[PDB]
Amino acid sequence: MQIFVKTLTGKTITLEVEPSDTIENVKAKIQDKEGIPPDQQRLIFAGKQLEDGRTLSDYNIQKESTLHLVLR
């Protein structure tokens, strides 16, 4: 499925992911597309900072959901 990741400068990144992908995996995808090291990434969705060992389905992130990326 596709999801979107939006930065504070307004760049929107489109990722190909699966429901059972972890947050760790999503940060790696982000690195592959944009060059951002995973240790610098904070992913935010619905007022929560997403934790590396949880999955997208754990957070009810589904088709065409949008996450926000904030750098440390």
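Just so we're on the same page, rigid core means the largest C-alpha set that superposes within 1.5 Å between forms. From 1 onward, residues are counted along the sequence shown.
A.B. asks: Which of 7-15 and 47-55 lies farther, on average, from the shown form in 6 other deposited structures of this protein once the rigid core is superposed (C-alpha RMS)?
C.D. replies: After superposing on the rigid core, the more displaced stretch in 6 other deposited structures of this protein is 7-15.
A.B. asks: Read off the CA B-factors in the entry, average them over 60-68 and over 46-54, and name the higher stretch.
C.D. replies: Of 46-54 and 60-68, the stretch with the higher C-alpha B-factor average is 46-54.
A.B. asks: In terms of the chain's CA B-factor thirds, is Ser20 lowest, middle or highest?
C.D. replies: It falls in the middle third of the chain.
A.B. asks: Grab the CA temperature factor for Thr14 from the record and place it in the lowest, middle or highest third of its chain.
C.D. replies: According to the entry, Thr14 has a C-alpha B-factor in the chain's middle third.
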